[PDB]
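Start at 1 and go down the list; that is how both ligands and their atoms are numbered. Just so it is clear: chains get the letters A, B, ... in the order the sequence lines come, proteins before strands, and each one is counted from 1.
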2 protein chains.
Amino acid sequence: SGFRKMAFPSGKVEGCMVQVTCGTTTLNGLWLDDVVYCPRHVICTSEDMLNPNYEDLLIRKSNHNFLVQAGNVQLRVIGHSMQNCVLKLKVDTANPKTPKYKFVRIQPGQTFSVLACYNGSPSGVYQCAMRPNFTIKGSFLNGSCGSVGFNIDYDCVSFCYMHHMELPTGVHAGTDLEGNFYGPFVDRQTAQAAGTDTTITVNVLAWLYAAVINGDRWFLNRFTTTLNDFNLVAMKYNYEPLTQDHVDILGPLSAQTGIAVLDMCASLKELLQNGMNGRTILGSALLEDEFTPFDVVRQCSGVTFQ
Amino acid sequence: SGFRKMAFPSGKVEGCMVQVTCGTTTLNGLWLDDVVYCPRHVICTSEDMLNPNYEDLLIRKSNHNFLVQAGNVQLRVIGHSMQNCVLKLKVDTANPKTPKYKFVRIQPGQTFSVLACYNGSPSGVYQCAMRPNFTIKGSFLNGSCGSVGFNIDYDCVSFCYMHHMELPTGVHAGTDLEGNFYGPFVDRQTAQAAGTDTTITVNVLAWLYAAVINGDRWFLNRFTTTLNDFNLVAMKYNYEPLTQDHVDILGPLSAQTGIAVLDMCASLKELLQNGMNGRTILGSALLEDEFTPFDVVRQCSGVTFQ
Ligand SMILES: Nc1c2c(nc3c1CCC3)CCCC2
Ligand SMILES: Nc1c2c(nc3c1CCC3)CCCC2
Ligand SMILES: [Cl-]
Ligand SMILES: [Cl-]
């Protein structure tokens, strides 16, 4: 028992982290096979970042201007190209530690682990979600760009995020490993503001199932609701609309606990309307929304990875 | 910016995890050099656990009864001995992935990372603290025993915890790597209950410094206090007494922010007396106590590890 915000084991990704320097800018790269992936803004100065013309800036760069170091050992760059907002640096040596992997573009509401790095070196690991406004709420300092987000299925690392930008409000924006930003964000230092940070309703319900499984049950009540009634309340509290697809995804947790999904929605409705009254659920005083239903099942059944 | 509950990169420890089976019991072991460390209750049946005589139970075990598997490959056990509440299984092959390491016995209030494992395989990683009642609040299911807790300093893993027991209240008890339990707990299935879970006051203050550094500042007020006055309030709220040693440890965060430690105590005092009034700090609705002052500095300055 117990239920904790848990990241994937980071070792397979640690093995892929390198340092990339272009001019006076150093950040991180991801070394898979004979390709190192990194944010294209490695080519920019700070001045450049207000209005960068990436194609033009790249003309002045040759393979030997990209300094790629794996631990203490330099890699030889034999080619480079820009794909969307990432650079792909071809190197002459395949990473011997390349795991099985995929590139995935995740949907808002999905969770993933981030291996925060500086100068190619791992600092720590934590769990994140892709917010409904396509930001993430991370922990990133200058030099952390190129840190990546990932999920693991047994032995296969699915990379889904690469860190590029901090907005003025202190939330974070980045790309998938094809170099496409999540949401409307761009790699320029400009006025771009995040929209409404809505709560991931299906994730809160999953976490309330997690609480029940772990003995925290004070919030179960005598009521039920419907999708349409519940969603009048979700709207008022900036919660995502609950859909029948969400209901179906919560089926296994419903079966395990014997609590109908709509009954748990009625618990959630009362918690939204009444507050926690100074009580806690799984050691939180607010409703946690960065556990997916798959996360809950995984943690509550003990799934492992090679 | 941003501030997250962050674990150490788990790779160096992943490399040390093995599976240990004795009879019909399987749990995890830690393979360092030519020794595999595991909870001595691997020798017990469930029946045994109400009143085990470990010395007597061990007489019936030989080296070949301890099945140790590292991934897909079996290790040969050439000796075994009991030290306190752990077994040390000597194997014929030094772990080729042994990191630089130490065994440390931590003090209450110190934090560490746990690599949760089942059948020798990593499941996930999360951050914990040694509570003032010598429990930890973990995420552990049947089969997770032998999972370990650790800190990393550059390239050296300091192992501090090995998981042994769940209490009936759903909190967790374990040993250092010399096999001595933290607190009063024993490896028997009995009536043993945790004491008061007091809040780690120095850690809350560190986290309030973290909040300020990250722009969350609504709780700074016009007041100050003294240690003795503050501690009348800590006592009322089951907070650890603040000491001059605690004040000294918070010195660097005080210097960085320009907020005197006692002024921040006066902020904390008002938060304890008044509540959060429905507000949040670093995305929490309660006062977080599982970040040390060293953790805050580390995360706020971007320290890394080889
Ligand atoms: N209504 C309160 C009050 C206090 N503290 C808290 C709540 C809600 C949960 C924390 C302390 C002062 C009186 C009212
Ligand atoms: N006093 C309240 C009330 C509500 N919800 C909350 C608090 C504290 C923070 C959450 C909703 C109902 C009225 C009072
Ligand atoms: Cl997980
Ligand atoms: Cl840390």
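For A:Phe8 and A:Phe112, the ring centers sit 6.0 Å or farther from each other. With ring centers used as reference points, A:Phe150 lies 6.0 Å or more from A:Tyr101.
For atom 4 (C) of ligand 2, the nearest protein heavy atom is under 4.0 Å away. Distance check on atom 1 (N) of ligand 2: every protein heavy atom falls at or beyond the 4.0 Å cut-off. Less than 4.0 angstrom separates atom 13 (C) of ligand 2 from none of the non-hydrogen atoms of the protein.
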I'd like to know whether A:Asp153 forms a salt bridge (charged side-chain N to carboxylate O under 4.0 Å, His left out) with A:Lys102, so could you lay out the CA-CA distance, the side-chain angles of the two residues, the decisive distance to 0.1 Å, and finally the verdict. CA-CA 10 Å; A:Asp153 155 66; A:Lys102 288 175 176 165; 5.8 Å; no
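Closest to atom 9 (C) of ligand 2, if we only count protein heavy atoms, is B:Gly278 CA, 4.0 Å. Looking from atom 11 (C) of ligand 2 to the surrounding protein, the closest heavy atom is A:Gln273 O, 3.2 Å. Closest to atom 10 (C) of ligand 2, if we only count protein heavy atoms, is A:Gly275 CA, 4.2 Å.
Only the backbone of A:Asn274 comes within 4.0 Å of ligand 2, counting heavy atoms alone; no side-chain atom from C-beta on gets that close. The residue A:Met276 has no part lying near ligand 2, judged by heavy-atom distances below 4.0 Å.
A:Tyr182 does not carry A:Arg131 over the face of its six-membered ring by the limits of under 6.0 Å from the centre and within 45° of the normal. For the pair B:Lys5 and A:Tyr126, the cation does not sit on the ring face, since its NZ or CZ is not both under 6.0 Å from the ring centre and inside 45° of the axis.
In A:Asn142, the CG atom is not crowded: 12 or fewer heavy atoms of neighbouring residues, nucleotides or ligands sit closer than 6.0 Å.
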